[PDB]
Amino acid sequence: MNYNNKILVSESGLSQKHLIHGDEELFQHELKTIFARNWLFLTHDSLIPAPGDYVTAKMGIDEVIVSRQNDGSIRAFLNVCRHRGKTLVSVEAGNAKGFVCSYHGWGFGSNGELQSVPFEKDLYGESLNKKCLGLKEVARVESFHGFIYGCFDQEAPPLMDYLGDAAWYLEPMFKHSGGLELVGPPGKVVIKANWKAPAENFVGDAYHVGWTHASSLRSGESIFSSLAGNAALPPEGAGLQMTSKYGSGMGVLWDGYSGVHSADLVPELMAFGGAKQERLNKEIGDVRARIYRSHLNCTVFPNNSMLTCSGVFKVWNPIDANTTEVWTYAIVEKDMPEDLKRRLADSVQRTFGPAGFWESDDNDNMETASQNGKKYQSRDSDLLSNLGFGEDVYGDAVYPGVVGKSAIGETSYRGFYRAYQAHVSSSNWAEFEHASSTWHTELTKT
């Protein structure tokens, strides 16, 4: 397949070829043009707060060690020994001043440097140039209010610029709330879906909620429960959708601070969020204080998703075209009482974790949609994302980005796939920029 020429996503992001969820050659191509090029979620400050603390993370199919340095910074390195390529670290988290390889005993520092080689003097003499044998380092590591992302491509935009118009929506909860913590360890489960299936679902799919999650809505009695079985459509002005230049987007459901949490947490959460909102009105204005306590379903392009307020935080780690390893953390507000943090974390896992009853509702939808992308008669078929097309705006006086002023639509699919297609057909960041110079115009056509 010629990725320069092949139209995998049609103009304005209106449709995508079904093969994108199934084609292994394209998956391999995505490793280069999506995962090696873009910002990928690694960890949070709260999980590696002290010098020497480390975790392992996936970046695409690669594994990295992410380590807190003595100077308070974070550096990340391929989890691969520079001698004969053995995996250096076999655990998920810990604290160490370095990592010793179990094959021939080479010792690397937390700073990636090759610090020791067994019997170096007797074996290598002065001939081993250890300065050139440091672990292969992730070129870019940056923080968004404690959330640490990495990028293999030195040419990438800064993380803040990469978030584009999405940052404005995230800031009330990520910054102005006083800050979030990530509660680990994550749940980890393999699903037989393409990574794009859950990514597209979290970035922009409010339409599926009442039908897919009918049973979970009816059974849990959460605040979005009026939607069960499509019994009721959200009122006008219930929410909006947005998307951005580099592909990140989200839905906003106004005031939905208790999110998917069952009735057992609803009064406590609605009280807590409302109280902080009242304080935030004076600081960031009424609209942004309201966004803080509104439910955001967001994907940070390409494969990091979240539900703010519900507190669900996801990494869709790619394995092959029909295999994804799902990591699920809980996000909590730092100034919540500890007992509330604990119950919120359990509730995140109860609903969206490995035995998350909501997340289970999505399995067959994601898996079969992905697997059908391999089927002969479906490869060249068109997946539709035209809902709301012709009603999106850009440059609004109140809400930034490409915005659909309605709670349910496919605005954020279009922006996600527009960015996806621009990357797949480009050889570097400069070419992506050239391919994106009229990004919002393309999305707001008709």
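All residue numbers refer to positions in the sequence shown, first residue = 1.
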Quiz item: Per the PDB record, is the mean Cα temperature factor higher over 160-168 or over 118-126?
Solution: 118-126
Self-check item: 144-152 versus 259-267 - greater average Cα B-factor per the deposited record
Solution: 259-267
Practice problem: Could you check 320, 325, 367, 181 and tell me which one carries the biggest Cα B-factor in the deposited entry? | Solution: 181
Quiz item: Which listed residue, 355, 78, 315, 217, has the largest C-alpha temperature factor in the record?
Solution: 217
Exercise. Using the B-factors in the PDB entry, rank residue 16's C-alpha atom against the chain and give the third, lowest, middle or highest.
Key: lowest
Quiz prompt | Lowest, middle or highest third - CA B-factor, residue 55 | solution = middle
Quiz item: Among the modelled residues of its chain, does the C-alpha B-factor of residue 412 lie in the lowest, middle or highest third?
Solution: lowest
Quiz item: Within this chain, which third does the Cα B-factor at residue 210 fall in: lowest, middle or highest?
Solution: highest
Quiz item: What third of its chain, lowest, middle or highest, does the C-alpha temperature factor of residue 139 fall into?
Solution: highest
